[PDB]
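To start, the structure itself, in structure tokens.
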Number of protein chains: 8
Amino acid sequence: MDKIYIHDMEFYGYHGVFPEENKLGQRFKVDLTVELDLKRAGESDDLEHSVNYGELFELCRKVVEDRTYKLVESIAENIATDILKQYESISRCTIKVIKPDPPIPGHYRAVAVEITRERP
Amino acid sequence: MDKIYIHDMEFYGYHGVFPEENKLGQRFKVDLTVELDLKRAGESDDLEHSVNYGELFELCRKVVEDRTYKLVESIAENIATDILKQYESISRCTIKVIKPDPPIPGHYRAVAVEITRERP
Amino acid sequence: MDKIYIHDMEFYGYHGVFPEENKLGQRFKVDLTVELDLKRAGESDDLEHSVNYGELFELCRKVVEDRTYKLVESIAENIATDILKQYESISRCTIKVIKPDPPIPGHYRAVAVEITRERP
Amino acid sequence: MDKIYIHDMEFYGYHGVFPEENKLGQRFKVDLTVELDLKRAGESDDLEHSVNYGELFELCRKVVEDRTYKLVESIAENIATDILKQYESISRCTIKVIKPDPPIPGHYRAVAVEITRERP
Amino acid sequence: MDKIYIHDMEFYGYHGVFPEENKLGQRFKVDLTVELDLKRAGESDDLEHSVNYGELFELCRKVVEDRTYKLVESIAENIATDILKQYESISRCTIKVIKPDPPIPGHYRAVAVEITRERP
Amino acid sequence: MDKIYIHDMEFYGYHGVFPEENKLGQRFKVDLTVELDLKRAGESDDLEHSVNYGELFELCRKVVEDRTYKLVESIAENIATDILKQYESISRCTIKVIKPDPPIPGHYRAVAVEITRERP
Amino acid sequence: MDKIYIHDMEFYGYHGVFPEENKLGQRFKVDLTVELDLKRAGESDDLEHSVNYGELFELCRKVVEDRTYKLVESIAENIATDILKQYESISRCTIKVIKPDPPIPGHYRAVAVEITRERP
Amino acid sequence: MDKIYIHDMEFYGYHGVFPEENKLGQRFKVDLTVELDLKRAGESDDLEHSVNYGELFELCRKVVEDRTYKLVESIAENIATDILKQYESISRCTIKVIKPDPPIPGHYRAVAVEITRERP
């Protein structure tokens, strides 16, 4: 189905299991995909037949920056949950939450969680 | 099925919902995928058994640069529509339209719309 | 299904078919994907309802750096095997092992092996 | 199924429709994916239960550099054809041939053709 | 002399000569370099003898995001001036203010201004 | 002195010694640096005391795309000359003209020429 | 003079002023440059007349990973000092210590310190 | 003075002190800069007054791929020497020879040597 993307949103949050992460904080990145039929929007050039991605950004901003969880998994679930609650037009969404600088002695690009959620 | 790609075409257009975007303009990027059986072209080395991607580029150039819409969704729909009208050989096409520098206070790589279209 | 990623882990190992590779060694990179239902972890914000990716990293570290095989294929199989043995919560995993600097006179980015493994 | 990759092989060839491309030549890039069950190779650490990707590279080198076609589509077909002829172990392969610097006045990253081929 | 760098700070600001830029805003990037004797700090491992680069970031964040000018030149002049004003130990500084997405119809990576300042 | 940059302007031109290049064309890139006192502009926030870099882009776009030379050296000389001719406040400039895709059989990122010019 | 470089060495260390950084750790990067006359080595193809850069790496790995300081300035000072101490043929060196992921709430690529050292 | 660059030439060579490197080989990269007066060439658009950079590439390809040394220092010395020997108009040159994949157990981007040469 037609999809809207928001690529590589960068936030600074305080999520983590260690209390030392809650004090220091670190970068968190989010990739967003929402599914929805967008033919009526492109047919009509009318934004009410689509979804404002500027709001989609503010949703992820609040979950990552205005809150503090232990698991990045909780970030993905609350982001996806809040997407499906407020946009009935969206049928399904895939949320990827990236932790690029975790306290994992080693060498890597990032660790990440990725979920797909739809309504029952 | 066999596919032709045109990766990361960069245009400068004036699409957007805000009138201040229509005056200033901004970058727009398009990723194109068309589906079509290309065995006969590779078997014969004859361009009429394939599709000239140089024309495929000019199609996207006109829709993004020679026109001004409100929604990038309308860019993807008109690009895909004009592909399917003029190339009967193409069975299906996926159009991705990227807005890398939208007026969204925040931090991200881009927002994008992506559709898949075929004939009825 | 919900997935955990570990992107682009870089190790230095001594795997290879040529004995001259076993003496010199070279870079090896691993991309990891594990499948598992992570709703209960995001619902509860409790790490025991998910998998510690810091351990997931140490698993790949041992297979690539604490051992020496002939084939990178054996790296992917042992990494995936050791994932499925120790985490019953993981249903399926996809392992990609990258050899970026092989003794292949030519020009390329990398050669890689990629497998998907689940329990019988 | 298990897969072997060769990422972003760079060659210099003389393929093209215009005679001016046949004289000047240009860069050509190839991404290769072959499908084959690699458990027996990783189980045994024995290269005869897998495929030498160094030969896989030389196959693409000859088709792109030792020959001159009109269409890049013919490059993908002959590469895939020669893969399936010489390696019965390979069940399916996907070939992507990239033309990064075509004579297309405009702005883009590349144009490319991508096919998937198996035995009848 | 010795140097401290703060590489590629990314902000969202509303600078610009045109009124449409002040309403819409756009990304702004800053590269910072300051010059000072760091030998005492490295020998003694004592921040008392160096400059907190977390403050240097806040100084830059202040000019770009807490203020709105017509010119990016004014960002560079006010960042620099604020530095020599507050840090006696800093002898010289080079400020580079990047406007990656200006309203210039064309194809480019960015435009920027760079200044170097010391005390008379 | 202080500096203005226009980083990685990308054009499509028909420069080249060989006649086949003039018919086919290829990408051309230009890095621009101009030197001038920017202190008045940053202090007063007044473009009257600086140089419109939107014009500096158009000057470069003029030489590369509105003209065809044999040498990229001629691009650099004509860009520079046009700058010192039109901008009294500019004391010195460095022009770098990149030919990323020349017809040189080989493996490389680009070839380029760079000149620096001031008034006698 | 002539120069040897060791570009973008990546380590994991526990440096930092805050106690939480010493417990958690983070990535540290180092760019190394040493200056020395290399003409004898290039003319004679004899390492006896140059410096083993495998040792230069181990010297850097020693300071970053075998030691823990408060300041990255101390990394640079101890790397440099260890170089001029052990390599008579090296006349001057420039050390740059990068902290890509400091606990600074904000958006940036990295912060770093850079020193240059010679003998009195 | 004015300059010509040949950026990131990639070769495959068999240089190295250890015998295992000579048997296996590895990538080698070269950055070239030559200095010369280019004003005549840019003013007259006449290659007669400049240097064919296609030859400069072949000179570099000659030393790296047609020869095998112990040291990368010898690559730089022989590339430079061959340049000042064959191009009277070139006043000075800087050669940088990159060994991206040396057999150093560790994590880094590359090691390299850089020399600058002029005539006595």
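So that the names make sense, note that chain A is the first sequence line, chain B the second, and so on, each numbered from 1. Just so it is clear, the values below take in all heavy atoms, side chains as well, and ignore hydrogens, waters and symmetry mates.
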**Study point:** Shortest non-hydrogen separation from E:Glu20 to B:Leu24 and the atoms involved
**Key:**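 Heavy atoms only, the tightest pair is CB-CD1, 3.5 Å.
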Let me know if [X] has heavy atoms under 4.5 Å from chain B in its side chain, its backbone, both or neither.
| X | answer |
| --- | --- |
| E:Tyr14 | side chain |
| E:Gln26 | neither |
| E:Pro19 | neither |

Point to revise | Residues of residues 61-88 of chain E within contact distance of chain B, non-hydrogen under 4.5 Å | key: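 Within residues 61-88 of chain E, no residue comes under 4.5 Å of chain B, counting heavy atoms only.
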Study note, to complete from the structure: Within residues 102-120 of chain E, the residues sitting under 4.5 Å from chain B by heavy atom, in sequence order, are E:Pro103, E:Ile104, E:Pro105, E:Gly106, E:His107, E:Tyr108, E:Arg109
Practice item. Return the option, out of B:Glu21, B:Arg27, B:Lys23, with the maximum number of heavy-atom pairs under 4.5 Å with chain E. Key: B:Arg27
